[PDB]
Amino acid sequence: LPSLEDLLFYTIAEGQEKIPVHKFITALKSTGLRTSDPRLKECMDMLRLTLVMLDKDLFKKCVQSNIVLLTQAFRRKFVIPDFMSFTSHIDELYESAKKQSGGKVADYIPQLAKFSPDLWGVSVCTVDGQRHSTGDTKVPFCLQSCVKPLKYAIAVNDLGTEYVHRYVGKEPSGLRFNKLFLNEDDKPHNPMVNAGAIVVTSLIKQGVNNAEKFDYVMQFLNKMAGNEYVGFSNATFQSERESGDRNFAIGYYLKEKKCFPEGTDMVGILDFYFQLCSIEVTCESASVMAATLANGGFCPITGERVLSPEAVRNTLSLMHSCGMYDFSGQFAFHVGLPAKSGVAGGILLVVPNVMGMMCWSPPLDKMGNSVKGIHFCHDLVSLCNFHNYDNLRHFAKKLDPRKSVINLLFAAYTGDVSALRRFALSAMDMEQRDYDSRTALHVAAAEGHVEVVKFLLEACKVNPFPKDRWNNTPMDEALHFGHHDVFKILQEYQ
């Protein structure tokens, strides 16, 4: 059992007796992990507490406490194994999109106009926590309609599909059925329209007052971003309630047409709605939110189950088809990713099973989508086979940036002679030990599996007397559990 810590040491130390601390860090960062990663804190603490050269046993002390993640990182077995060559493509696409200067920054409130039109940031967070940023990725801005899928997920996670969609539909609008707010059953078309977003707000945490509702949603967004920046621009909040007269009118129509949960303080909901629109993110922290959606409801940098599988599935679905304003059908055809855009210039972008992403540049096009971000999303999917209906085998000129010993013993356990035959012809080591120094022979003996024991002995010619951590041989195991014939067979080897 040559130890996992040294096994990695040999990976970094290409023959050197000791590894410099800075070689480890740049190798580390080369997988795309950041040293700020919460899952690497124990290791960085020890690195700093080595206060510059690390030998096999000093180094093994630092990496020991995060050895599972570092193992998966340096066996370059992340979802994107060659991250360095991936981040250059991201940088090329960023540089290219930076040259489109069209679009008008939203001035309907001054806080949206205070932002320079030159601001442009993209940040990547993969399902495994690899991070990458280019441009203005640590500037806070407001989510705006980028919060619509997030509050819809929360609702669905808490209440379930059937409840939520008693009050809101699940279809794209189609054309100008937008101005016809309500569909055939007199509900908003889907949660990504303002009328649907407003209704979704009325469903979240009913019974408590607004300040608890807002506290629930922020703690939730904070879990979704893995404790990265989730803020609030009160300035934006007050202008939004002052200019949101059109949404009050929409609210009165909704309350009169009985679309809210019966007994609902309408102006209370709309204050909540503007509160939620004003929540602040950076592209870094929003990308972790996106990567939580990209990763089935689990936050990559904390491991936490935040959203149920159903809430993610529904959210990603309606984002794919209702996420980009009147450009959503066009986006769905050509980009094929679930995204959501907002009037601060953010595009919350998700690549199911790979990464999340937030892009931000304030200039909006005629449809309200960020000009540089829309350019970026088209380029990304031309470059890589990320479209929803790209193939993972025959994808043409696009780039695709994408058996254990437990396997062995569980076959020995269940008696599957066919499986071990494949493994042996697979050139697997049939004498591998698990964490208990257990062997396929051990397990197959204890279960009295005669055709497995013989296969391991006669065909794979394995050692007949391995020792457990309790110093038992398969023969011991056979006797112990009543499998005398198996005991006899191995006894023939002494």
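All residue numbers are counted from 1 along the displayed sequence.
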Point to revise | Unresolved deposited residues lying between neighbours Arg402 and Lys403 | key: 4 to 9
Exercise for review: Quick one: classify how much of the deposited chain lacks coordinates between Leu51 and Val52, choosing none, 1 to 3, 4 to 9, or 10 or more.
Suggested key: 4 to 9
Revision key, fill the gap. Between 98 to 106 and 276 to 284, the record assigns the higher mean Cα B factor to 98 to 106
Review point. Which is higher in the entry, the mean Cα B factor of 377 to 385 or that of 305 to 313?
Key: 377 to 385
Point to revise | Out of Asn227, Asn178, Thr71, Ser202, residue topping the C-alpha B-factor column of the entry | key: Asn178
Study note, to complete from the structure: When the entry's CA B-factors for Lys397, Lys138, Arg131, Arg166 are compared, the highest one belongs to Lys397
Practice item. State the tercile, meaning the lowest, middle or highest third, of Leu47 with respect to the CA B-factors recorded for its chain. Key: highest
Practice item. Determine, from the deposited record, the chain-internal third of the Cα B-factor for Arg469: lowest, middle or highest. Key: highest
Point to revise | Position of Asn66 among the chain's modelled residues by C-alpha B-factor, lowest, middle or highest third | key: lowest
Check your understanding: Lowest, middle or highest third: where is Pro363 by Cα B-factor in its chain?
Key -> middle
Exercise for review: Would you mind checking where the Cα B-factor of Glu162 ranks among the modelled residues of its chain, as the lowest, middle or highest third?
Suggested key: lowest
